Amino acid sequence: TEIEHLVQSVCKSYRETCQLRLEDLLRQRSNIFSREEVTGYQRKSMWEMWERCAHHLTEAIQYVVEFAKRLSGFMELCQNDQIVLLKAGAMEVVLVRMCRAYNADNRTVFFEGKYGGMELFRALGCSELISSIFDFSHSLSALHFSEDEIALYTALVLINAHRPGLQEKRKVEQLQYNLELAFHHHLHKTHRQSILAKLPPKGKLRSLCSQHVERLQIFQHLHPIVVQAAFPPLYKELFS
Ligand SMILES: CC(C)=CCC[C@@H](C)[C@H]1CC[C@H]2[C@@H]3CC=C4C[C@@H](O)CC[C@]4(C)[C@H]3CC[C@]12C
Ligand SMILES: Cc1cc2c(s1)c(-c1ccc(C(=O)O)cc1)nn2C(=O)c1c(Cl)cccc1Cl
């Protein structure tokens, strides 16, 4: 069916843009920052940690932009709608992708080549927001997302006809309905429909991610970093 091909193309787009390989991430779980290395990060200036973390986060976004660009029918949307969907959803996808890099056993994340806890980031002074991000990954870790499940769920995070400001809402609805069918179909074929009831509630991802982006906007205002835009019109609604 056109649906099994849509499943295959979404998984392919994901596989090509997932940035880090699951085998690598799982294999390096034992490669953990030492007390001294942690202290090294904690003593850095707020502004150097910000530069590092901002560069890594914009690179994560760019992989999500390529994921979207390779999604069947994503380019056939009007550029306004491309921007609206990426502007509402790209960071939500990055926060979802974090669960693959996150180890629930010791509440660590993969960062510059090893695993560390949220205290790595103490110099940024965002204790409560970073803790929220870690908690969200802790929740998503319990689902043991397969790669294809992550691919199909993140596709649906982006392709959402409820985002305000769409010019061709019906064209987005058609992608969304197809991806919904692809996702349900896949879950049925793998006996994993049970994850549907365990998915994060939409307002949760939305309000966590809008706080995150709001804090990044504030740091970017106090201490601008500069990046070579992959999607210039989209860069402009965030680097404006
Ligand atoms: C609040 C603030 C100013 C910063 C947030 C600090 C911290 C929570 C950020 C900084 C770098 C991020 C990772 C970057 C890259 C990836 C790879 C992606 O494929 C999956 C996600 C992941 C691992 C990001 C996770 C969140 C990190 C650690
Ligand atoms: C939903 C989205 C939020 C968000 C996006 S999209 C982008 C972004 C990045 C690059 C490109 C591109 O074209 O290369 C396009 C978009 N940055 N960003 C941020 O929150 C952000 C980051 Cl990650 C770092 C520093 C400052 C900020 Cl404000």
Side-chain angles (χ1 to χ4, degrees), residues 17-22 24-26 28-65 67 90-127 129-145 147 150 154 200 204-230 235 238-239:
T17 64
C18 57
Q19 189 179 7
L20 314 171
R21 301 203 294 285
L22 188 56
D24 296 336
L25 295 174
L26 285 173
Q28 318 241 38
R29 246 130 116 119
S30 63
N31 191 3
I32 293 167
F33 283 120
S34 69
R35 190 58 250 234
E36 315 87 71
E37 291 178 303
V38 166
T39 296
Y41 277 113
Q42 291 185 327
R43 296 190 52 209
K44 295 183 175 301
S45 181
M46 170 173 286
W47 311 109
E48 166 181 358
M49 270 306 270
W50 157 240
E51 287 174 7
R52 287 180 186 238
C53 289
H55 288 285
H56 301 314
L57 279 163
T58 79
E59 171 175 43
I61 286 284
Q62 285 168 356
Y63 278 94
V64 175
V65 170
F67 169 69
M91 178 64 68
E92 293 183 348
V93 167
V94 169
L95 293 182
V96 170
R97 288 179 164 214
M98 185 174 157
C99 67
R100 296 162 78 250
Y102 172 82
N103 178 358
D105 297 331
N106 59 7
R107 320 178 82 105
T108 60
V109 64
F110 188 75
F111 182 80
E112 299 199 332
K114 305 188 182 173
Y115 278 81
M118 54 170 298
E119 78 276 10
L120 211 65
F121 304 101
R122 184 190 86 192
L124 297 165
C126 285
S127 194
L129 169 58
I130 294 175
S131 192
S132 292
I133 295 184
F134 271 59
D135 292 344
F136 185 71
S137 273
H138 206 65
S139 291
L140 270 191
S141 95
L143 277 50
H144 297 97
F145 270 139
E147 288 298 275
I150 282 219
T154 57
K204 197 166 274 243
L205 177 55
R206 186 213 317 115
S207 63
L208 178 59
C209 186
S210 52
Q211 293 193 11
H212 187 219
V213 174
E214 188 196 297
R215 171 57 52 185
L216 297 181
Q217 287 288 7
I218 297 168
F219 267 109
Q220 172 68 14
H221 170 84
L222 290 160
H223 196 118
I225 47 91
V226 295
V227 355
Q228 186 70 85
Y235 194 93
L238 286 118
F239 290 115

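Note that the numbering runs from 1 along the sequence shown for the chain. Only heavy atoms go into these numbers, but all of them, side chains included; no hydrogens, no water, no symmetry mates.
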For residues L238 and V213, determine if any side-chain heavy atom of one lies less than 4.5 Å from a side-chain heavy atom of the other.
yes

Under a 4.0 Å N-O cut-off, is there an ion pair linking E37 with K114?
yes

So CE of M46 and SG of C53: to nearest 0.5 Å the spacing works out to 11.5 Å

Quick one: does any side-chain atom of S137 pair with a main-chain N or O of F134 as donor and acceptor, under 3.5 Å?
no

How about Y41 and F121: are their ring centroids closer than 6.0 Å?
no

Looking at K44 and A123, what are the two nearest heavy atoms and their distance?
O-CB, 3.2 Å

Once rounded to the nearest 0.5 Å, what's the spacing between atom CG of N106 and atom OG of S30?
10.5 Å

Taking the cut-offs as 6.0 angstrom to the six-membered ring centre and 45 degrees off its axis, would you call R107 and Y102 a cation-pi pair?
no

Closest heavy-atom pair and its distance - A104, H138:
O-CE1, 3.3 Å

Does some side-chain heavy atom of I225 sit less than 4.5 Å from a side-chain heavy atom of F219?
no

Candidate pair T39 and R43, rule side chain to side chain contact (heavy atoms under 4.5 Å, CB included), full reasoning:
CA-CA 6 Å; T39 296; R43 296 190 52 209; 4.0 Å; yes

Quick one: side chains of residues 54-65, donor-acceptor pairs under 3.5 Å with protein atoms, not counting sequence neighbours, listed by atom name and distance.
unit_1	atom_1	unit_2	atom_2	d
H56	NE2	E112	OE2	2.7
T58	OG1	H55	O	3.2

Between the side chain of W47 and the main-chain N/O of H223, is any donor-acceptor distance below 3.5 Å?
no

Under the criterion side chain to side chain contact (heavy atoms under 4.5 Å, CB included), I'd like the reasoning laid out for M98 against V94: C-alpha separation, chi angles, the key distance, then a yes or no.
CA-CA 6 Å; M98 185 174 157; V94 169; 6.0 Å; no

My understanding is that only residues two or more places apart in sequence, or in another chain, count here; which of them pass side-chain contact (heavy atoms from CB on, under 4.5 Å) with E119?
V38, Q42

If you compare all heavy atoms of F67 against all heavy atoms of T17, which two are closest, and at what distance to 0.1 Å?
CB-OG1, 3.3 Å

Flag, side chain of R100 to backbone of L20, donor-acceptor distance under 3.5 Å
yes

Within the 6.0 Å centroid threshold, strictly below: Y115 and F33:
no

Are any non-hydrogen side-chain atoms of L216 and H212 less than 4.5 angstrom apart?
yes

Point-to-point distance, once rounded to the nearest 0.5 Å, from CE of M91 to CG of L208:
10.5 Å

